[PDB]
Structures are given as C-alpha cells and as structure tokens.
Amino acid sequence: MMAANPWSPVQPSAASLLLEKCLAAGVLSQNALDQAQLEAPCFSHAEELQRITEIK
Amino acid sequence: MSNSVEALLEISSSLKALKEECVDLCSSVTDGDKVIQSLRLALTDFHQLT
C-alpha cells in the first residue's frame with residue numbers, strides 16, 4: 001500500500017488513485033494506458049510569461 | 200517576446216564594443232591609494248622647489 005509520501009509536493013489526484021486501483025484489479029493494463037497517452041500541453045500562456053520575465 | 204529578444208541582442212553588442220575600448224583600464228588593481236600618496240609628495244616638493 002504505496003504510502004503516499006506526505007512530503008511530496010504533488011498530492012495524488014482522484015484520477016490517479018482511480019487509475020491505480022484499476023491497474024491493481026488487472027482490468028486495465030499499463031499498455032492500454034500508454035497507448036492512450038495524450039501529450040496535450042497544459043497552461044501555455046503562463047509558460048510564455050515566465051520566459052519573458054527571464055529575458056528582461 | 201520578439202521585442203525582448205531584440206533588446207538583449209542590442210545591449211549585448213553595445214557592451215562588447217565598450218569593453219574593447221577600455222582594454223587599458225582593465226589591468227592590475229595597484230593600490231590607487233598608494234599612487235596618490237606618492238603624487239602628493241612629488242607635488243608638494245615641486246611646489247617647494249619652485
């Protein structure tokens with residue numbers, strides 16, 4: 001029972017805990033999840049502002 | 200973004216040009232304070248001799 005290291009800055013999401021449960025029950029395979037991986041960029045506008053601040 | 204990057208390239212070029220003009224100024228920190236003391240003595244002597 002992978003005891004969530006309380007000190008990890010990133011708390012596990014409900015989605016993650018659900019996915020983990022599905023994988024542990026053998027109903028979902030990691031291969032099936034990998035094939036479904038969406039590389040969609042998250043927060044693009046915030047990233048651009050960070051770069052401008054550094055150059056300044 | 201495009202404006203910031205162009206401003207960096209301009210300032211960097213201006214700095215490089217000024218560093219090259221100031222090559223004689225960049226050598227060994229001899230104790231500026233010692234040279235002035237010595238100069239003070241020489242001037243004072245010069246004045247007295249004149």
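These protein sequence lines are chains E and G, in that order.
Using the entry's author numbering, read the first sequence as starting at 1 and increasing by one per residue.
Using the entry's author numbering, read the second sequence as starting at 200 and increasing by one per residue.
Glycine is no exception: its CB is placed at the ideal position from the N, C-alpha and C atoms.
Whether residue i touches residue j by CB criterion (9 Å)
| i | j | result |
| --- | --- | --- |
| G/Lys218 | G/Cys225 | yes |
| E/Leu23 | E/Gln30 | yes |
| G/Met200 | E/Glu47 | no |
| E/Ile52 | G/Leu207 | no |
| E/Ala25 | E/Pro12 | no |
Residue nearest to residue i in terms of C-alpha spacing, selected from the options
| i | options | result |
| --- | --- | --- |
| residue 81 of chain E | E/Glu20, E/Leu49 and E/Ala36 | No answer is possible for residue 81 of chain E: it lies beyond the span of chain E, which begins at 1 and ends at 56. |
TODO: For the stretch 21-40 of chain E, enumerate the residues whose C-beta is nearer than 8 Å to any C-beta of chain G, in chain order.
DONE: none
TODO: Output, in sequence order along the chain, the residues in the stretch 203-223 of chain G whose CB is closer than 7 Å to any CB in chain E.
DONE: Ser203, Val204 and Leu207
- [ ] Ignoring anything shorter than 4 residues or poking outside the stretch 16-47 of chain E, list the alpha helix (DSSP H) runs there in chain order.
- [x] 30-34
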